[PDB]
Amino acid sequence: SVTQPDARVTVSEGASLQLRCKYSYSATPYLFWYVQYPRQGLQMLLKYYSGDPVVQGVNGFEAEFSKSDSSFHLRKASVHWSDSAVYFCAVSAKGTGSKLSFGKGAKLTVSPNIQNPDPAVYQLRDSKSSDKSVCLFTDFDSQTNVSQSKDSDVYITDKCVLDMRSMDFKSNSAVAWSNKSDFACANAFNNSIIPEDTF
Amino acid sequence: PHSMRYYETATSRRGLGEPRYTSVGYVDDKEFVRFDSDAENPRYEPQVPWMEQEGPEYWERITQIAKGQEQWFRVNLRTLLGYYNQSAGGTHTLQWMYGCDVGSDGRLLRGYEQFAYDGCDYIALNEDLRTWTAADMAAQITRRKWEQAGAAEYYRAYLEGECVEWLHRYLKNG
Amino acid sequence: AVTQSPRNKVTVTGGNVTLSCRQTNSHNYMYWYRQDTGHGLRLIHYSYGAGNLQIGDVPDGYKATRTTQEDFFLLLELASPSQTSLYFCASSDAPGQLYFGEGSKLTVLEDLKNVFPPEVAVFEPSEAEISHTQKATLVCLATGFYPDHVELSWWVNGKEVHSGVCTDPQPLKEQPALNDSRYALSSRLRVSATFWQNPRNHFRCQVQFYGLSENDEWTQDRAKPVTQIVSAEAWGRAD
Amino acid sequence: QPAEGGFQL
């Protein structure tokens, strides 16, 4: 079986990356790394059968094999927002070479850098049937955490990074709403937020 | 100065029938394990008394290996049938010889990986265990695809790997 | 390439399912996997040629069939909600080197009266954000749907877009304390303020919902929660 | 131990 230490990993954009992977076979198996981008199938990132312990992969990915530690660590010099995916380590025992076995997978979230942060909380009205309000937190930074809903009735989503390819501008955003009689902007989004946002 | 060999061959059948596959194993110029396809019960059999002691899991495993090799050889003979633009009204054959030579020190001296087709040398692994030697037009294709898929290091993984240990394991029983 | 069918399916317990896998390049080894949470993905079945099978790590509940070299089928005779998962099929001309399919999301239900179509709404850009950031942000919102099996897409001028959109990776439980609670999903489409100012522009968020098939049983007061396309829509606005 | 062909051609 393959063991990947962490299922969740977060790294700033333009930073070094090491995803660890250790196997449990004494006899050295065939080693593999695979990538799963959201709403896609798995693609082989890289492979290792024998010889040079340092294996070069596509898209600047490398993998070092350690017979000593029974390791097969994936490495990349620098990460970008496009490298946000779930990474799997796979093995196949000797003799059962065409029988793969994947790890739990490490979800790699790469927090992009934003040159001009200007956090803000706005109120959006519904297109049809007005007075249906939805509060929106946006243009804040990737360093500030978005907290879950403490009241089941009110609903808050986790942060989300959108990309306007034309303007080279990415922005994080969280959405909160409630169908109750009493619900406002400063009323919600309270947890761990900057006092510098526009209302 | 010991050695080990495996000769796996496949021959296409005339008319409309499934090809014949065989796999003979040699240890120091001695047949020790054998397989055939058209036999009543297509399985691996020991050809020497020393082997019989091996557990049933070994036999079933290597038998599954043999079946996978049957399918493999089938797909490959269809492939090579396509390569040399041949019609299906003929009979051809494909041979795979893979082995290992071990010196006095016990460590691997020379690995062997050779593929031949119709009595002609098709493709062969080199002494460096990294490159390939091909002769004709259709073989260079295989060389390219295997240079990109990294075949030499897989067959090297077998040669430098299981071949040696299993060879010694057999030698200990003699 | 490797094509599997169908992309999405919703069934009931005890129902019959059959997943198809076709390859166009005649590779020999073919695989059937399922990807779950905290389990990564696990090998259901695999085949080393036409007319043959081989047991993976989790074979229970799933039978398979290899008719030809290019056609691999994963059959599911007795459906159970424990088999609600995302199924991938694979191919290989090389041990360990696999070519994965598009994916097949399947949800198995013990019950049908808990199936609800999503209610979709579009919320227009706040004028404050327009004046302050020179940008406009529309918010699509799909609520009260079950099971968690939808696909949201933004359509500007009758054409699907992927720029400036953040759709939540996975929906939210309306009642997180419950287990078979309904789900809610949000999405944001952000454009230039001058683009939303243009009243000649047509914005629309569409939710493709997968629920009861045509061959499903239904006798109730509510409208039959069939697999449907529930959409919401707004025009540009100068103001 | 017999080997698996693995690779087509």
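Chain B uses Swiss-Prot numbers throughout; the residues present, in order, are 26-199.
Header entry for method reads X-ray crystallography, 3.1 Å.
Cβ coordinates come from backbone N, Cα and C, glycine included.
According to Swiss-Prot:
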CARBOHYD  B:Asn110  N-linked glycosylation site
DISULFID  B:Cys125-B:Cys188  disulfide bond
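Of all Cβ atoms in the shown protein chains, 22 besides its own fall within 10 Å of the Cβ of B:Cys188 (disulfide bond). In the three-state DSSP scheme, B:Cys188 (disulfide bond) is classed as helix. B:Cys125 (disulfide bond) sits 34 Å from B:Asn110 (N-linked glycosylation site), counting Cα to Cα.
Cα of B:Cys188 (disulfide bond) to Cα of B:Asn110 (N-linked glycosylation site): a distance of 36 Å. Classification of B:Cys125 (disulfide bond) by DSSP places it within a strand.
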